[PDB]
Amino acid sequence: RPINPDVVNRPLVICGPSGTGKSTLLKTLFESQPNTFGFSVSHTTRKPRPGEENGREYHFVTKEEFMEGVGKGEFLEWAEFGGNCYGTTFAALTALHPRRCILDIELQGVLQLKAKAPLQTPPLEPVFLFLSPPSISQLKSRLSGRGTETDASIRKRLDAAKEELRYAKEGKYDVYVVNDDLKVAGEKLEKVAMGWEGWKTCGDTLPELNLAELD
């Protein structure tokens, strides 16, 4: 079944608390639908993880290089997260044509894109998908289980999750998916990414996440 023409030019923006499973789910999608999606390679000033390569998951740059690019107008959006800078360059999106663009960004980037996308020529109409953990306890077990972050970074990431989840609870994302069972969540992501009939209503109710557990 082919990708819906009505979503090919609508970038799919996936966001959610660190550790929820964004990278893991995207890998299942690209395996299930090869040569269909383009993953936007963001710039970041954080250091690479063992499984990461420069030019694959991120373009890893220094803070001075990052801010030079910002001043040069190279970024569609950028923001600071957990003490490091991240952003989507125009060139990273251009590199993905003609596949449907997929971006993995956080809330400040989402807010920028909601303002900026209508002002592009031609206007861009992203789809904003929020990927939720099934519980805060599972979020913490996944984030610590990944084993790539310092204790200081985990604290910053859990603190950021408070504002990310607070915004998510306002109901403004286009689709919500709870990443409980990987296969069930992956099937929903595939439906959303392919734009198949029913994708807008294929999503989940946000769980009752008491944010005080993030303290």
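Quick note: we count residues from 1 along the sequence shown, nothing fancier.
Look at the mean CA B-factor for 135-143 and for 107-115 in the entry; the higher one is 135-143.
Averaged over CA atoms, B-factors in the entry run higher in 45-53 than in the other of 45-53 and 61-69.
Of the candidates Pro98, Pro122, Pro126, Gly87, the one whose C-alpha carries the top B factor in the deposited record is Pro122.
Looking at the C-alpha B-factors along this chain, the one for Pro207 belongs to the highest third. Among the modelled residues of its chain, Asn179 has a C-alpha B-factor that falls in the middle third, as given in the PDB entry. In the deposited entry, the Cα temperature factor of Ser40 places it in the lowest third of its chain's modelled residues. For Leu214, the recorded CA B-factor ranks within the highest third of the chain. Only modelled residues enter the ranking.
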